[PDB]
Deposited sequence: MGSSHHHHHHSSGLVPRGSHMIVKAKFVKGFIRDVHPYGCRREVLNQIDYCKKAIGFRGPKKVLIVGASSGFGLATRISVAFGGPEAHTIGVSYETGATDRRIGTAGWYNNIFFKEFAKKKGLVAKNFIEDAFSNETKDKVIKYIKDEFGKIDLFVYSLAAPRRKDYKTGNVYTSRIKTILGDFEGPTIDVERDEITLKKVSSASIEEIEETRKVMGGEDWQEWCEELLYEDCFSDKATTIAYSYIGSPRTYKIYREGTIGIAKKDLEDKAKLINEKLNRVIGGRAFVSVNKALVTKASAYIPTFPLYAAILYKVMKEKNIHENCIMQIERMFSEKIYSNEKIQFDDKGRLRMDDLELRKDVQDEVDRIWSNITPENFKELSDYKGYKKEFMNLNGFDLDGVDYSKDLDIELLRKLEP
């Protein structure tokens, strides 16, 4: 029998690589009691590692939805990340709790809050960053769709299995899809978490909460500012204000949206035009030593913009812009320069495809220096592993 999409110890190592980046950094202080929804991967994971080993030596509750190994299956990356982060966190004497539940349901929130007042203590930083393809409740099921609102979006995607470009297309969304996508990817559940945490008295005074977005360049506005994702994110952005206002009154805190930069996801892999833009961008930004990955993105966000000596610099919209380096004039030009020369035949050498692909396999624990791949694994060893 063979591994599939996830390597369990490549996952250990990847978490560890991000921990080691954090341990070595200039270090910051601020949060001590931290709640993350969507803690098992991407920014949730990086945020969790950045607050635990960034030097705040903070305690964390991760909410995430993942499954593990049975005698037949191997389980998800996020599942293993949760386990290894616990392991490495307890070894440092920090609390890492794991609720592996549906975050959208009330009986989950009640589990979480119940846990906070009883054992954990007042949360000082709340990060909401779950990306689900679907939601529940009531008893209805809403599905998230990546679509336009008018016309078509076609552009190149990257087939990492076959190292080639494929032109893929995205059509227009029905009114209800526009609406299901807003229930999933908008800031409603965020808002409801926030409120229930506030009134059940779980926010430390001046406490902070973020949610994460993406804006992109004009090339992708049809999708990210105009489409079903853009409408979901403009809703999220809107709820940011309605919470900033509240927590500022009741407990003197703040809420806001952080606009992250272009990163390689699985879910970003089959949106048109973005895989290729990001691979180009990766090159551009590497030949300017300003490329950042997920953990550098978050480290920088905390130790320079949120929890630094200086005062917090917001955009003209109440949004923290961590895509500031991505959207710099010189950088965008160079992408637009390279874009017009890219072909299905030469793309591998005009964009940082290598790095783009490396970063894909790494999410899943593949292609990592520090791991023995030809080695075999034991299924009974992975199942006994618990969060």
Sequence ranges without modelled C-alpha atoms (deposited numbering): 1-29, 167-168
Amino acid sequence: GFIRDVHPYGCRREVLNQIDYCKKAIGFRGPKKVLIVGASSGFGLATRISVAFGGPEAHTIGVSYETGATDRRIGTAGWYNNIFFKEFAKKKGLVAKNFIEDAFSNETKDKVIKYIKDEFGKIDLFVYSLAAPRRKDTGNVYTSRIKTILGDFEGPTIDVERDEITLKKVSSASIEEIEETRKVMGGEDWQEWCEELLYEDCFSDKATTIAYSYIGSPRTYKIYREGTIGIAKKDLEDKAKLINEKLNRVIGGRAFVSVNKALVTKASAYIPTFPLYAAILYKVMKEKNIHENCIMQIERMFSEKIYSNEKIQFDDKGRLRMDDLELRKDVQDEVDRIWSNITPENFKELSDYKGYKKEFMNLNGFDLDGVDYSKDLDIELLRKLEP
From here on, numbers count along this sequence of modelled residues.
On mean C-alpha B-factor from the PDB entry, just flag whether 192-200 or 254-262 is the higher one. 192-200
Looking only at CA atoms, which has the higher mean B factor in the entry: 120-128 or 271-279? 120-128
From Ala232, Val160, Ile83, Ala211, can you pick the one with the highest C-alpha B factor in the entry? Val160
How does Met296 rank on Cα B-factor within its chain, lowest, middle or highest third? lowest
Please say which third, lowest, middle or highest, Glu176 falls into when its CA temperature factor is compared across its chain. lowest
Here the Cα B-factor of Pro218, set against its chain, lands in the third termed lowest
Sorting the chain's CA B-factors, does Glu14 end up in the lowest, middle or highest third? lowest
Please place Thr143 in the lowest, middle or highest third of its chain by C-alpha B factor as given in the entry. middle
